[PDB]
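In what follows, a single structure is set out as structure tokens and then discussed.
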Amino acid sequence: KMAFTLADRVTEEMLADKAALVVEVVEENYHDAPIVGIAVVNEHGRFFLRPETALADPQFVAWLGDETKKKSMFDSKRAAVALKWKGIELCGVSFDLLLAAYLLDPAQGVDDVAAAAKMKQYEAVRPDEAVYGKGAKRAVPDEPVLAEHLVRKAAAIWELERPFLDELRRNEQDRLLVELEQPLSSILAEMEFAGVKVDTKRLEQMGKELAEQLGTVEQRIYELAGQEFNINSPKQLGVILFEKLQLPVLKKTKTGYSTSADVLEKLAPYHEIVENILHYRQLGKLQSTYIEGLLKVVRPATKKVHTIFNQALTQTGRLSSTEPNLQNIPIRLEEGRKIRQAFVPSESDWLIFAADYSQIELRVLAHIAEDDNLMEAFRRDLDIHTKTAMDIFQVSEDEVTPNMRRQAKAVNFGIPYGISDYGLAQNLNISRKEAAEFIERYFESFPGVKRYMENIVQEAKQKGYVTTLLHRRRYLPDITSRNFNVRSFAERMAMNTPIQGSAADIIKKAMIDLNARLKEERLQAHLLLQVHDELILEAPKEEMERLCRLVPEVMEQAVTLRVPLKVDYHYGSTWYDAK
DNA sequence: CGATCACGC
DNA sequence: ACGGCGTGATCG
Ligand SMILES: Nc1ccn([C@H]2C[C@H](O)[C@@H](COP(=O)(O)OP(=O)(O)OP(=O)(O)O)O2)c(=O)n1
Ligand SMILES: Nc1ccn([C@H]2C[C@H](O)[C@@H](COP(=O)(O)OP(=O)(O)OP(=O)(O)O)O2)c(=O)n1
Ligand SMILES: OC[C@H]1O[C@@](CO)(O[C@H]2O[C@H](CO)[C@@H](O)[C@H](O)[C@H]2O)[C@@H](O)[C@@H]1O
Ligand SMILES: [Mg+2]
């Protein structure tokens, strides 16, 4: 049992200068979502407040907004954004249990207070699905049941703060929480709430044109197949290609015949249809995902989309982006790239500004592996893909063709993360003997990288985990497994996580540094998006010459490595034009 | 619901 | 079995 006051009014003792606070949003997507209840636990007791009451009370709202009144929460970004949608500011969050749990072990997939609690054998709180129900049974329960749940969550946060901080400190991860992840949560909240403005007319025009083209390509595909079928069914397509047209079966998966883009390209010498199928799939993706899917989530009266950056999901410390995902907007092909013309500034006479790290992962690799040859390339800003091409093809610089550089690109990206001769040969559609030579030559050229791959795997085996530059960890209990497949996957994770995760660390610290400076010089410029190794902003056009100086320097000096960090930048009237 | 396929880093 | 991390449309 747990005593608590189900309050009908806000009182002075509820406004202490340290509390656990719960501002409950039950909708998975919290943008413009109902707040269903509020709990406060502090030195003076435990309290449930109806939102209708607390959020209309001047003293409570002032307390929420006072940075000197410290709050411990779980997913303070959820609450801060839901409050923003109700026009209320939340300040003074000093501890976020979700971010603490994520840092202690991202593999646990902690997604509610109960799951965090279990890490410390705290059982005096129910799981959120046990109270609200799963999927179609999802509902806010009767007030006494809700109140007790919210109070129990607040009480768990209250008790768990110290145990979590003690373990983070033990791990030398406490500053990762308090100086990096928690300040970032604030910054992301602002990004999600501001949203990104979309030219829906343009998307609607594109959609109309795509539907025409889809129809044309579809009938042409039925013509060359001599049958009608569901092209979006890999199974039905496989029957057509490998049974009706008797094309060679190049790859069989655990389920059937592969019709992947790689396979279809390799089939091009056998039938023209595969080019049409590839074209259909590319148009089809644009339509369903980046036209239909985008327009479904745009808010019609403001024309904004409000993504959610999940800060506590990826195993390497990257962010993810959902509903809509704004981290996979097309760029590689010109047709898809045009989607970016529909991403526009939120005010007139504002511009989109985009800045990206040049090969952050390879630079981080150079730093961590301490390979002399790789480090010198970045110190001297030589094209690393051309350099590798020269080494693996054994030619001079002028003899490197664009196709050779593309092969070298896959070599540079793949080898340090454990690509084999088979994977390289399959990806590049080249001789497996030649792929194996590529690998031998790469390692004889960057021997520090070979030593890194050996050393980090051995460290993972000995410690049970790998670490990034700013002390993020990933545990790899699979790494000393007898079984080749299980062990091998773990070994490749040991090679990759310190590099991808350190890159994540660097850009997160860059975001925090940047917001400080923008707030410092009182510039209207603000962040809209992060795309793993790039930051996207909007600002009044007058602010562009400043941003060209400020943004790249802040990003490049976020950390100091054994090699320089390099940032490119562009701006224009749309995201497309910021090229 | 887990796989397949396409998009990004 | 045979580079890493994601989201999501779509299928059977
Ligand atoms: N108690 C600690 C110590 C370190 N770190 C992480 C976050 C730091 O940003 C990173 C850097 O490690 P250092 O021990 O080198 O600390 P700093 O470099 O931040 O301090 P300084 O460089 O001023 O010595 O390690 C942490 O999370 N918690
Ligand atoms: N198959 C891929 C493609 C890309 N990336 C990562 C590494 C790259 O640094 C980053 C950006 O991709 P680019 O193709 O732009 O890589 P570069 O900028 O190095 O190539 P280029 O010099 O041709 O722009 O995404 C990856 O890991 N695997
Ligand atoms: O609010 C983000 C935060 O909530 C969690 C659950 O604690 O995820 C929920 O919210 C996400 C954003 O809407 C959804 O994508 C997800 O499906 C839902 O469980 C955390 O995972 C996340 O960090
Ligand atoms: Mg590039």
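Convention: sequence-line order gives letters A, B, ...; per-chain numbering from 1. For the numbers below, each heavy atom of this structure counts, side chains included, while hydrogens, waters and symmetry mates do not.
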Task: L237(A) CG - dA3(B) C1' separation (whole Å) - done: 16 Å

TODO: Just call it for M495(A): base, sugar-phosphate, or nothing, with non-hydrogen atoms closer than 4.0 Å on any strand.
DONE: nothing

- [ ] Mind telling me whether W575(A) and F343(A) have parallel, tilted or perpendicular rings, with 30° and 60° as the class edges?
- [x] perpendicular

TODO: Could you label the plane-to-plane angle of the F229(A) and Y222(A) rings as parallel, tilted or perpendicular, counting under 30° as parallel and over 60° as perpendicular?
DONE: perpendicular

Open item on the list: Does a side-chain N or O of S488(A) approach OP1 or OP2 of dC2(C) to a distance below 4.0 Å, or not?
Closed with: no

Task: Short side-chain to backbone donor-acceptor contact, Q173(A) and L103(A), under 3.5 Å - done: yes

TODO: May I ask you to decide if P106(A)'s main-chain N or O and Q315(A)'s side chain share a donor-acceptor pair within less than 3.5 Å?
DONE: yes

Task: Smallest separation among heavy atoms of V551(A) and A355(A), with atom names - done: CG1-CB, 3.7 Å

TODO: Write down the distance between CD1 (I507(A)) and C1' (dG8(B)), rounded to a whole number of angstrom.
DONE: 14 Å

TODO: State which of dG4(C), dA1(C), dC2(C) makes the closest approach to the side chain of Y417(A).
DONE: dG4(C)

Open item on the list: Could you tell me how far apart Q530(A) (CD) and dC5(C) (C1') are, to the nearest whole angstrom?
Closed with: 12 Å

Task: Whole-Å distance separating the CG atom of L365(A) from the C1' atom of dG3(C) - done: 13 Å

Task: Nucleotide-resolved protein contact map, nucleotides 6-12 of chain C, B/S/- at heavy-atom distance under 4.0 Å - done: BBBSSSS

TODO: Give the rounded distance in Å between these two atoms: CG of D356(A) and P of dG8(B).
DONE: 14 Å

Open item on the list: Counting only side-chain nitrogens and oxygens, does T259(A) get under 4.0 Å of the OP1 or OP2 atom of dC5(B)?
Closed with: yes

TODO: Please state how far atom CG in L529(A) lies from atom P in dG8(B), giving the value in whole angstrom units.
DONE: 15 Å

TODO: Nearest whole angstrom, please: distance from the P of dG8(B) to the CD1 of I339(A).
DONE: 11 Å

Open item on the list: So for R318(A) and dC5(C), does any side-chain atom that can act as donor or acceptor lie under 3.5 Å from a complementary atom in the base?
Closed with: yes

TODO: Please state whether the phosphate of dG3(C), meaning OP1 or OP2, lies under 4.0 angstrom from any side-chain nitrogen or oxygen of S420(A).
DONE: yes

- [ ] Check every atom of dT4(B), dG3(C), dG8(B) against the side chain of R492(A) and return the nucleotide holding the closest atom.
- [x] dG3(C)

Open item on the list: Tell me the interatomic distance from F343(A), atom CZ, to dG8(B), atom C1', rounded to whole angstroms.
Closed with: 13 Å

Open item on the list: Is it the case that the ring center of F413(A) lies less than 6.0 angstrom away from the ring center of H385(A)?
Closed with: yes

Task: Residues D391(A), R441(A): salt bridge by 4.0 Å N-O rule - done: no

TODO: Name the nucleic acid region contacted by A261(A), choosing base, sugar-phosphate or nothing; use a 4.0 angstrom heavy-atom cut-off, strictly under.
DONE: sugar-phosphate

Task: P atoms of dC5(B) and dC2(C), separation to the nearest Å - done: 14 Å

